Each structure stands twice: as C-alpha cells, then as structure tokens.
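Protein chains in written order, with PDB author numbering: chain A, 1 to 388; chain B, 1 to 388; chain C, 1 to 388; chain D, 1 to 388. Each residue gets a CB set at the ideal place from its N, CA and C atoms; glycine is no exception. Here is the structure we will look at, set down as structure tokens.
4 protein chains.
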Amino acid sequence: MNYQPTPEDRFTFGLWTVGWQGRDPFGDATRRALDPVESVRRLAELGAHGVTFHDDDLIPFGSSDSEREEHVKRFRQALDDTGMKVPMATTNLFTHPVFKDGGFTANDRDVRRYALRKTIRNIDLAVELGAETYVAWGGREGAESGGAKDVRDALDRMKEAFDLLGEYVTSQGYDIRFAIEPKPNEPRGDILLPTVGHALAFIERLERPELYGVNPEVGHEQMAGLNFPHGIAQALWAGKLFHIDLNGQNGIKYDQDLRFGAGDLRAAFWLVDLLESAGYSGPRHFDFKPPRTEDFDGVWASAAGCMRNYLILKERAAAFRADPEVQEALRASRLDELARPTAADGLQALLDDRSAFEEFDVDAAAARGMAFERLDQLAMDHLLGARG
Amino acid sequence: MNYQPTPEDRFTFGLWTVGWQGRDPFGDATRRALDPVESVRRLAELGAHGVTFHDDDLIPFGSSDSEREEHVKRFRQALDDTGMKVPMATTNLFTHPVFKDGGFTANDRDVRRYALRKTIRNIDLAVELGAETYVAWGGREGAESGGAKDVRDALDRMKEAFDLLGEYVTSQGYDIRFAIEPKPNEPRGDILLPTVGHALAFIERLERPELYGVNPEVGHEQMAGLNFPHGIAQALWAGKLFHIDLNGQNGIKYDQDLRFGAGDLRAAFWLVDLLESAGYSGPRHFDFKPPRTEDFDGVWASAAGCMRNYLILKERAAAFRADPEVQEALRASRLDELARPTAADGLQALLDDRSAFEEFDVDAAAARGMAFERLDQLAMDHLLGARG
Amino acid sequence: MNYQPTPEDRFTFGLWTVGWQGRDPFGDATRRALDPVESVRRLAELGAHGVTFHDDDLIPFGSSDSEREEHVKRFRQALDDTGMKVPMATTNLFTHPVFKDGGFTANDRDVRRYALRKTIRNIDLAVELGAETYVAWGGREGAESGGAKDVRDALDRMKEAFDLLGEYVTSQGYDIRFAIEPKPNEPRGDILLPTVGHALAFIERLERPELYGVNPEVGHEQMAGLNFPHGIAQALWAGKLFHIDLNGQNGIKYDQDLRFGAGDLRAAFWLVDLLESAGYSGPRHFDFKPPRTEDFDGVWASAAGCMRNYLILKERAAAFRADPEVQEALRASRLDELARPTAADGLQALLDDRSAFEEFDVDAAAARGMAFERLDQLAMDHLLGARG
Amino acid sequence: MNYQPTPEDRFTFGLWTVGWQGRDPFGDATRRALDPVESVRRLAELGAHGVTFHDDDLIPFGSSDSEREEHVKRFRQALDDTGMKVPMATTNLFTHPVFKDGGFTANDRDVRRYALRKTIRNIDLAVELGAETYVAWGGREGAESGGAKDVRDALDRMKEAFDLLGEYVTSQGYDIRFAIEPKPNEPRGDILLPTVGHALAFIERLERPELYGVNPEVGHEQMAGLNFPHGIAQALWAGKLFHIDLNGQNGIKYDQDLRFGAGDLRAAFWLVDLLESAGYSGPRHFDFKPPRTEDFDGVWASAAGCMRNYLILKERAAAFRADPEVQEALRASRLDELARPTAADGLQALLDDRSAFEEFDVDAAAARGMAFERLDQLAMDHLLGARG
Ligand SMILES: O[C@@H]1[C@@H](O)[C@@H](O)OC[C@@H]1O
Ligand SMILES: O[C@@H]1[C@@H](O)[C@@H](O)OC[C@@H]1O
Ligand SMILES: O[C@@H]1[C@@H](O)[C@@H](O)OC[C@@H]1O
Ligand SMILES: O[C@@H]1[C@@H](O)[C@@H](O)OC[C@@H]1O
C-alpha cells in the first residue's frame, strides 16, 4: 500500500531528464535551465539514489580548465550534502554541430580523433566521481542516404574507437565498464547498432569483450516494434545487462521518453517481473523528459511518478509469482518443462529413442491446449489488483 | 539493355514460392497445387539456377518411407533433366498443429525432441541432394503473452537444439552450414531472435559458432522498420552472410513477400550495390508469394520479374560506382577518409596529439558540408537512368 | 469486487470468434469446427447478451434453399432456448476466391453485381432475426500494386454499392442501419477507407448519409498507429458510432485480434471511460480470436476474459471520474475551460477585444503549467487500484 | 532528357524549408539564418514559381507595426525583382511556448482567442500578397495523455475556430480558401485530425464546407503507414485537394521531410501519375528540410533535386500511360470495367437479373487471373527507363 522510494531502491536520473527545457523540433523551450546542484537536491528529497550526466550537462561546452574545476567542485559538494551517488556517466557526442555526421564514425578522420579525446577526458572524470559504468549512445552514427556511409568501414571505425577506449581504461587500471545504448533512428535516418541484438553482436567482435555490455532503453526497442522484456532476457542470457534506461513510449513514432509506467503498461509489468526475478542489481535509471506542457511542479511530479510506478509494478509482479494459483497455472502451461533439457541423454540416445519420432503420437500432442489464456488473465488480474 | 537471366546468375526459388496456393488468413486458395516436378521445369525455362525446399514441400507429411522414396526419385529426375541444383534446404517446423507453441522451444519437451528428429532426417536428405546450406526459420518460437514463455529458458533450449545439430553434422562428416533466418513477428505475437542482430549475437554463444550464419530476408527486417542494407553490411562485416532471401515489403505490416524490386525500391538498389561490391558469391534466393489475384501465367510473370529487377539494379549500381563524377562526389563526402584508420598511430600518440583536442578548430570542422545530397541525387539519377 | 457479466451489460460475440479454428497463414487448424448452436449455448452460459454472424458462418457457402432453411431453424431454436439476441449481422465478401479482387470494388463488373445480390440476401435474413445494424468490412477492397486499381473509380463503385443498399432497405421499409468497418491493410496490401476518418468522410458523400455509420475496431486503428479513443471521440462527435468491435492489438503488425484488455491496456481504459461517459448504448461486441495455442477450455476462458476486463476497466474509470481529487485536478488542468466557447461573444467582439491580442500577456500565459502529469498519475493510480 | 524546371511548372517552396537552420531535438543549428530576400532570389534562379511563409518566418515574433512594415516591404521588392508569386501562406501556432497545449484547442480560453487574432492578422497579409490558399497545420492540437484533452470538446473548439475564420473572410469579401494539413503525431503524442480522412470528415461539419479543403503531405500519411496516392485520390474524389506538400519519408518514424523523390520512390511515381492524370492545377509545393549535414551548397542542391525528381517521374508516368502495351495490359486487368457502373440498370433490374446470382458461375469467375503482376512490372520497367 505504501510506494515511497528510498535510496535503497537504486533509482537514478540523468541531469538532462528533469533538466530538459522543453525545446523540441517545432518549438522553443518552455522552462528555464536548472542548476545541476538544484536537481541533485530536489531528486534527493524525492527518494532517488543518484544521478548521471553527460560531460556537457555538468561542464558547459568550451569551458576553461578552471571554470571546469569550479563546476565539478559545486557538484561534488551537493553530492556530499545529500549522500547522492553517481553510478554512471556518458559523453555528449551529438549536440555540437561538429558531430553532425557522427563522433566515432564521422567520415572526417579529424572529428573521429576529437570525439575520442573528448570521451577519454570524461572517463577520467567519471572515475573520479565513482561511476561504475560508462554509457555510449551513438546518436549521430548513421545516415539519411545510402551512399553517405559505407557501413562496413563505419563498423571498423566503431570497433577501433571502442577498442582504444578499452586499451585506455585497462592501462590506467580503472574499474569501469562500458555499456552501448542502441536506438534505431532519430536524429539520424538510420542509426548504427539499431537494437539490443545488433549491439550484443558487435560487442563479441571487440578485442576485450568482457569490458562491454548494453544499456537498453524501453522506448528505443519499442521504436522498432520489438518486445522489450524479450530483448532484456537475451541481454541477461548473455550476461551483458550492465545498466538499463527506463521510460515509456507509445509505439512506433518519434522518441517520446515518457515517464516510466506510461506507454505500454503491460510491457512495463513484464519488464519489472523479469528484472526482479533475474536479480538485476544495477541502478534503475530513468531517461525521460517531463512533457513541455509542465512547469517545475509538473517536472517533480513526473519524476516521482517514475519511481512510484516501478514500486507498484514490483508489488504486483511479486504477488503474481507468489500466488499458488499462478504457480499451478505455470505448471499447467508446462513452463516447468521448458526449463528441463531437451536431450540431456545426448545425441545418440535421441537418435535411438523411438518415442521421439517413429512412435511419437503427433496427434495426441497437438490436441493438448497450452492454457496460456487463463495464465495471462491471472497476470492481468494481478496487475489491476483484481484478484478473487 | 538485355536483362535475360542465365543459370550463371545464381538465382534460386523455393518450391513454396511459385507453389503458393493463395490461402491467406481471410481466404481460401485461388490456385491449384503445383507438382514440384513442374515447378522445376518451369523455373529452369525462366533461367533459374536452382530450387530450395522444406521437407514437407517435397514429401507430404505422414508419408511412408516408400512413398517418400518415390517423391525424391521423381524430384531427382527433374533436376537431372534440367541441370537445376538444390543449394539450400530447410525444415517445416511451423505448419503442423503439433508445433503450435514452437519446435525447438516448445514448452512440451516431447515436441522439442520430435522437432529435432524431423530436422535431422531432412539434413540427411539435403546432403544427398547437394545442398550446402541448411536454413532454420523458427516461425513458431515465441509467444502472444508474457507468462507463456520464459525467454532465458527458451534461449537455453534453442542453443541446445542448434548445438545438437552441430554435433550431428560434424559426427557424420557433412559439409553443410546452418543459417538462421530472423523475423520479428507473425505468426507468433513476438518471435525469438527477431532481427539479424539478435541472430548474430545468439550464434556467438553456440559451441561451434563457425558452423552458423544468418539468412536475412528483406521483408522481415523491414517489418521492424530497419534498414536492410545496413543489416546486411553488419552480417558481412562479421563473416556470417551464408545465404539471403530476396523479396519486397511495403513497410510495417504483415509479411507481404512481394516480388523482389517491389516494396522499397531504393533499398533494393542499395542492397544490390552492397552484395555486388562486397563480392557475395552465394545464391540470390527469392522467397516471395505471387499475389492470390494471379493465375498461373501471373505466377511465372512474377517469378521472372524477380530476376529481371535484380539484373536492372545490378546494372544501375555498377554504372553508379563506375561514374567518375560519382567517384569525385564520394571523395567530396570523405568516404575515402572513413576507410582510413582513426588512430593507426596508437593510443599514446592520440593522447599526445594536440591537433586532436587542445588545438582542434571545432568551428572550422563544423562548417564543412558533407555534400551528401548531391551524392544522393547522383545515385537517384543513375537508378532512374536519367544521367546527363 | 464482483465482475460477473449479465445480459444487461450488452456483451456480444461473433460466431467466427470463439469459432475460429486456428488456421493462420503459416499453419493448419488446431481446433475442430464449432456448431453455431453450441457457441450460442456456451456464450449464454458465460453471461453474453447475443451473437453476430456473417452469412457464411451460419449457412455454408453453396447451400440449397432447403439446407439453408434447416440451418436457420436450428439457430433460431438455440436463440429461443437461451434468450440470446442477434443485434448485428454482416456479409462474407472476402473468403471465396471469387472475391480475390474485392466485392463492391472488384474490377470485374459481374463480381460486383454478385457481391450486391449476396449482401441483399443476408440483409433480408438479418432483419428476420432482429438485427438493428448491418456491418460492412471491405477486406478485399484494395490493391497490392498501384496500377491495379484506380481509386477514384473504385470509390465511385463503392458509393454505388452502398447507395443501392440504401435504396433497398428504404424500399422494403426495413429499420436497419449500416456500419462501415475500416482497416488499413491485410489481407490486401492497402485497403480502401483505411481508417475511421476515411470512412466518415466517405459516408458524407452517399445519397442518404443518415443510414450509415462506422464500426471501428480497436486493433485496426492501432495497425495504423492511431489513438483509438481519439478516433472514437470523433465518430461520437459526428453522431456516427453505430457499433464497435472490441479487442487487443500489440502495435503495428498483423491483425492480432487478441482478447479485449490485452494489447494496449491504457488505451482500453481510456476507451471504456469514453464509451461510458458518452453514454454509448450499443452492444459491446468482441471481435477476437482465441490464440491457436488453446484448446476449447482456453477458448471459453479467453471469451470470459473479454467481458471481465471490460467490467474491471468500467469500475476503474468510474472511480477515477468520481474522485474529488481527480475532479480538482481536471480543473487545475483547465478541462473546464476547454468546454467553454472560445468566442460566444462573436467575431466583431473578438476583433475589438484588446485583451485577446494587443494587451495579451503572452509570457504570463506561457509560464502556466498544464499540470497534465499529476492528472495522468492519478489516472494510473486508479487503473492499478493503488489510490491513497 | 532535359529536366530543367521553369516557373510554368508551378514549383513552390516554404521559406522555412531552404531556411531550416538544422536544429533538431538532439542538436544545435548547423547553418546560419537566411534572409527571406536571399531565399527568394536563390529559388528564382533555380526555376521555382513562388514561395510560401508562416507569419513568423517573415515577421519576427514581437515585431512592432513599423518593423513589420519594413520586413514586408523588403520582401515585396524581392518578389517584384524576380517575378516570384506567393500562392499560399500559413500561421505559426506551434513555436512559441504559449502554444504548448495548442492554438485553436488549447485548454486555456485566452490562448484560443489569441491564436485566432494572430491568424486573422496573417490572413489580411496573405491576401495583400496574392495568396489563394491559407494552410492550417494544428501541430500543437493534441495530447500526450488521455485525461488532458476531451476530444469532443476539442473538436467543438476546432470547428468554432474554423467557422469564425470562415465568417471573417466572407465578411471581408476575400477570395481565399483554407486547407487543413493533417499529421498523426509529433510534436504532440497524438495530433487531432491525424490523417487526410479525419480532416475531410471534419470539414463536412463546418458551417461553410465549400471554403475548406486539405493540404496533405507525403511524409505525414506515411508516418501512419498509409498509402499516400490512395489518400490523394480520395481527396480528389471529394473535390477537396486545394494544395499539396511534397517530400520524402522512410516509413514509420519521426517526420523526416526528405527532398521529394527520396523515401518511397514508387509511391512518388504513383503520386505524380495521379496528379498529372487528374489534372491537378495547384502549386507543386515542397515542404522539406535539407539535412543538417549540408552547407549552403547542399541546401540548393537538395532544393533543385526536388524539382528534378518530379520532372523525371512526370516523364516516366506519361510514357507509361501512353504505352500501347500498357494500355492493353490495363484492359487485360479490367481497369476499363472498374470504370463502368455496376448497376446503371437499377436496383429492380439487378434483383431480377438471374445472371447476377442464381445462374452466376462463381467458379469460372474465380479462375480468372487479374494479370496485375505483368502490369506492375511494365510500370517498374517504365520507372527505371528499362523498356524493351
Ligand atoms: O538516450 C539518451 C540520449 O538521448 C543521450 O541523452 O545520451 C544517452 C541517453 O541514454
Ligand atoms: O520465411 C520463409 C518461411 O515462411 C518458411 O517458408 O521457411 C523459411 C522461409 O525463408
Ligand atoms: O474484422 C472482422 C472481419 O475479419 C470479418 O470477420 O467481418 C467483419 C469483422 O468485423
Ligand atoms: O508541416 C509543416 C509544418 O511543420 C509548419 O511548417 O506549418 C505547415 C507546414 O506544412
């Protein structure tokens, strides 16, 4: 009945989230800029565990090494005053016009080198602040037209970049891992490594794959019409879910970044069920944008809503799994059999087993119902708190 | 000017393509069944190189071992009479009601064992006929609801299956490779390994990854709104493009399987440019369905259209790349620089290079246009045969 | 707490829904055919109010006028034995191969005439059984290619058909109205009158527009990525919501026809809120397909789930609107002002009002938050039954 | 062979198109602002016929009545110096924060009144410059959440606004018509009047429907996955195609506004075929954004590409229709029969015609192929200039 978050819930927010001024492609900003120090204080009051940032959110682009120090010092003091942590950091390789054709995969070699130096500088900072994960979102890596980018060469350049970052952290002895965040499109017509799948496949080709994982975002996979919980299960299956971005999205369209719980509510339920069941111990990070219709009171209400919805769904998912009636239903649908090996007896035994083919009653098997609809209605009842 | 295909073009068709009777979810069949022998003869006349099949296309389900032999014998004779080859074969693990919850990942263990035996039997046959690739399309592996399938267990079962198939071919000493064909949805609400990316990532977790690749289909990636040519470049980058399914699709909706060239015409152009530029030497396989509005004359016209469109696009792509004006444009857009390493000089040199950060003129770089629009218009002109 | 439906709730089902055998484009049927008489009995037991049918569901295609009479007689007796009504009926102008290019808009004139006679015959029957609404779903009206159909001529033929049906009912003195059911695609590449909007616009061009309305389906509008509740509000605004098809759909893909409540749960909540708030008094019709994974027990569980979910959402929507805290929030967001005329004072007064332009403080207005996020979280809390 | 545009081709561009600075949701501007006078001169040199504008493109927001006069005077002089016309004008009711919840349908009544006065002021200006059409794009009319907007009240407010604008022009005796431009989403989660269909239906409920039409945009209908040429045929069928926005879009995602010809090339071909065949005599307006990767040379190359592609497609469509082989194919596919009335003989005759039902050979009709694939391949050949 009580859905009050406490820092023990590991909820985190990006400075760019509650700090979003509301400037969209068709309109100017509707809110004033927030001082990173105020965001830290306001989020701490709401029960958040920490914050995340892009280099450019904390240190305005072009800042002298002294102004830079002053910005970090004020930020650090706010963290000390509140107990807030910084578990993840990332680089802004998308806002400045210089990155119009990308950062790591820009056609211009000099921009690629600049992108790398800018990243490395923020990695040093992230370690200084205690971040355990460094996210990379290649928002500008891609194209609007087919001849503009040779994807094989671009993937060579992307691997080159990530390999160099790996060589850097290992040489400095840092205890930080990287997490690639996929997105299918926007702002580029098509973005490289468009889904969790493409990102996982790419990681396996890096020199030190153990240092890289994924940072999936609910809305991004949904922009490709994919099943987010399924994508997350694959990332977990591969041991690559290093971090996660939670939010809401209403289908295939522009990247909405609605507060978590909004958008596909059922997918949110199945996601929380999976994260909790699987024992994900990383931060529950929210990458959302409070709609530009809101004033500051609306911004904090939206942020609070993110955490509240996660806590309600966590409760409902737990009750669902703990329900003896649901446990019986899971057996009726043979989820227990799915978890048993198909052929622990081995290939030869399978080939010699006449019960697996020659004498297999295909019609009898086909007549068995899976009982998935009853199971799904039990899930619905639990979600809506309508059990009886 | 002449777009007549010859077996040297490596164009192949599935028996199920020209043989599609036109039965869709809302209507009965509009054409009679085709004898596999007639399809072989008709395709040979059109200039095709070979055919492909599912076990069930060639041998009706439930056939006794003798009827089975008779079906294979007639088929083999048609191949001998025409010179047609069979470069790929696959299993039907989706039509029969027994596979309603999947084949390799069905919740019922006995169905999983049956699915494996059915596959193995067709692998023996495929080798006998000279197939070099065995495709696996898990059309029934997935779910309509969240609790029906634990994806981690399902991926364990999927790997188990593929690993056993790998152990089988290697023990028999067969020279055949597997190719997984992704699809995001339909007939299941969500299908496991939904895109080329997910398939490539999964392959890296198999015991003998060298035996597995992908069999991407134009329409399937487009059902997720993805860029097909980009997906193919990634598969090539990883050395996993073992086979390919060509067809057309008009955006995000049901799987249309239009003839190749139909659907996204520009994507077709960029795909052919890539396959030819990259030196793909596998079959140019068409997985299409002649619309149910057509009679048999329309079926052959549609099949012929597939090959014709590929030949026209191949011509246009070649002229595009061979155009000195296009070659100049590619340099103007720095495609040549994208192909050069970002830092062959190494990490330390990059860190010591002040021209990469401290003295990098970010504004000067940002002011450079990429000239992508002129390049894309040259591509358009070539596609439409409007150069001057 | 009790969500038991009673015939007073006006829940209806098509014979083709619970009767769906499970044959999809990639698989054979998984269930046996249901006798329309058994479906009537089983649905009555579940608390349904009535059933609907296509001519071909009740009378097998090709039936002699005597077999036809026998089928109707048995059906009528089942209705008499249960108290079940038949509020709507429709024609099957999509299954038979003759309708491969459409019914009312087929290119062949003789097929168009046949389609009309087949419809008229079922209208007589529908009136005999007491149906108040006759639905028309032009599933085959459309095309896969651009030259196959001249849409202006097709719209002339569509209007011609509907006008003739209007002339028929009015001449016979029938008290029945028509309801056009839109769908963007499937089974045709593109279907004519693809959304509720296109259907409403078309109706205004018929000779007797008062006889025609729409029969929107949740899943169909969602196949175009549209907001269903918004579409329904427009139909109500125009006085054209004659009937409605309830079900679930998971985004942009093939037509799923999931049980109501499944798919977009929040959209389901807003839909029920609207239908109840607006006083829609027509039947709550379900056009769904129990997944082919289910046996007969699963079919009835799925049907029951449709009605249950509607009753739960109706409860939650009512509590939401009745909540004084929500009523205050609605005022905070100026929903009350949206309901007031913009200029009841008239054009001249508006032009003379300096407070509307010359002295309008644009900055002060812009600084007002809309408070939509707090309002939406209250809606979420009510939906999940988490109020406190 | 020559695709040089001349003002006689009626090609027009919005000032906001070539003037787009490149600021997207994730990045700052990449180009400097263009003086409307320079755009007029540059477009005139390219062969354009005229330009269009939003009040705010020409007169910066907040301008005093004197600065306003100076901006108009300079603009008028550029038009006089070049011969360029201004056939259409529109209002910017989306950029300023005051319109965050809409213009005509904002919840705040005072904003609705302000939106009306701002529009009326620009209507006077548009008439002064000779515009024949006034476009209305309600980009901010809509919502991100369900309770924020009561759509029925919003439609009442939308009609109220348009009715008042109608009363205004008719009282002033202006010879100008309105054209509503639909868009399904972006920047709002869901936009009111989301497709051409919804807009046409709404128009029929206005007091003076004859004054209103539609201004469809290629990319917008495609953001809903709809067939643009079909939508245009319906608008023409209703006599409501007052104006049109041409551009390119790659499927369902954010609004790309690519140059015309880009995106769905085949749809572009069918669109031009329709506009030319139907005798559309309005301006061929381009609403596109030269990608932010381009410098000014790229901007003019992109603009020129728009007109070039239209001219090439116009040529190909004309050759297609003029081809005797295509004319024969159209007859083979019974396009000629589609154009003949279904029942000019009347209802009674149809009911008495036994050849329409009792003696109709349904099997013989069903066996006829439609020959659509051959027809579509002829269309493809013409498009690619590969006829032989
Ligand atoms: O998706 C967001 C992206 O927009 C940027 O903010 O950097 C990474 C985040 O996850
Ligand atoms: O996608 C098709 C699938 O429908 C089936 O035919 O087996 C594999 C093919 O590639
Ligand atoms: O959408 C369904 C359609 O599939 C058919 O059954 O007739 C009308 C219904 O509403
Ligand atoms: O779609 C564009 C819109 O973005 C704005 O510019 O006003 C109307 C135009 O058509």
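Fewer than three beta-carbon pairs drawn from the stretch 46–66 of chain B and the stretch 127–138 of chain C are found closer than 8 Å, and the two stretches are therefore not classed as touching. By alpha-carbon distance to residue 95 (chain C), the top candidate from B:199, B:268, B:319 and B:24 is B:24. Residue 307 (chain A) and residue 218 (chain A) have their C-alpha atoms some 15 Å from each other. In the displayed model, residue 124 (chain D) falls within a helix according to three-state DSSP.
Beta-bridge analysis with DSSP links residue 88 (chain A) to A:52 and A:133. For the stretch 189–220 of chain B, the continuous alpha helix (DSSP H) assignments of 4+ residues that do not extend past its boundaries occur at 196–203, in sequence order. Residue 74 (chain A) and residue 103 (chain A) do not touch by the CB rule: their CB atoms are close to 28 Å apart, not below 8 Å. Secondary structure of residue 349 (chain C) (DSSP, three-state): helix. For residue 21 (chain A), no Cβ of chain D is located within less than 8 Å of the residue's own Cβ. In the assembly as shown, residue 88 (chain D) is a buried residue. Its beta-carbon has 16 or more other beta-carbons within 10 Å.
For residue 248 (chain B), the secondary structure class from DSSP, reduced to helix, strand or coil, is strand. Along the stretch 239–259 of chain B, the positions whose C-beta sits under 8 Å from a C-beta of chain C are 250, 252, 253, 254, 255, 256 and 258, read in chain order. Scanning its chain for C-beta atoms nearer than 8 Å, with the 5 sequence neighbours on each side dropped, one finds around residue 111 (chain A) the residues 98, 99, 101, 102 and 103, in chain order. Proximity of chain C to residue 139 (chain B) at the Cβ level (cut-off 7 Å) is accounted for by 26, in chain order. Between residue 252 (chain B) and residue 225 (chain B), the C-beta gap is smaller than 8 Å, which places the two residues in contact.
Scanning chain B for C-beta atoms nearer than 8 Å to the C-beta of residue 370 (chain A) yields 100, 101, 107 and 148, reported in chain order. Leaving aside the five residues that flank residue 176 (chain C) on each side, the residues in its chain whose CB is nearer than 8 Å to its CB run, in chain order, 123, 126, 127, 131, 132, 133, 134 and 169. Taking CB atoms only, residue 91 (chain D) has no neighbour in chain C less than 8 Å away.
A Cβ-Cβ separation of about 7 Å places residue 180 (chain D) in contact with residue 203 (chain D) under the 8 Å criterion. Legend: CB atoms of the stretch 171–202 of chain B lying less than 9 Å from CB atoms of chain D are not found in any residue. Residue 16 (chain B) has its Cβ nearer than 7 Å to a heavy atom of ligand 2. In this structure, residue 217 (chain D) has its beta carbon less than 7 Å from a heavy atom of ligand 4. For residue 181 (chain B), the CB stays at least 7 Å from every heavy atom of ligand 3. For the stretch 286–300 of chain C, residues whose beta-carbon sits nearer than 7 Å to a beta-carbon of chain A comprise 290, 291, 293, 294, 295, 297 and 298. Here DSSP, grouped into helix, strand and coil, assigns residue 41 (chain D) to helix. Counting C-beta pairs with one atom in each stretch, the stretch 359–379 of chain A and the stretch 4–13 of chain B have fewer than three that are closer than 8 Å, which means they do not touch. For residue 373 (chain B), a Cβ of chain D is located within less than 8 Å of the residue's own Cβ. Against residue 227 (chain B), the close residues of chain A are 190, in the order they occur along the chain (beta-carbon pairs closer than 7 Å). Listed in chain order, the alpha helix (DSSP H) elements of length 4 or more contained wholly in the stretch 222–275 of chain C are 228–237. Chain D places no beta carbon closer than 8 Å to that of residue 17 (chain A), leaving this residue out of the contacts. Looking at B:239, B:267, B:70 and B:265, the one whose alpha-carbon comes closest to that of residue 282 (chain B) is B:239. Contact holds between the stretch 18–33 of chain B and the stretch 288–299 of chain B, because three or more Cβ pairs, one in each stretch, are under 8 Å apart. Residues of the stretch 334–346 of chain B whose Cβ lies closer than 8 Å to any Cβ of chain A, in chain order: 334, 335, 337, 338, 339, 340, 341, 342 and 343. Counting C-beta atoms within 10 angstroms of its own C-beta, residue 234 (chain B) has 16 or more neighbours from the protein chains shown and is therefore classed as buried. Judged by DSSP secondary structure, residue 82 (chain C) falls outside any beta strand (DSSP E) and instead within the alpha helix (DSSP H) spanning 65–82. Below 8 Å, too few C-beta pairs join the stretch 257–272 of chain A and the stretch 203–215 of chain A to call them touching: fewer than three.
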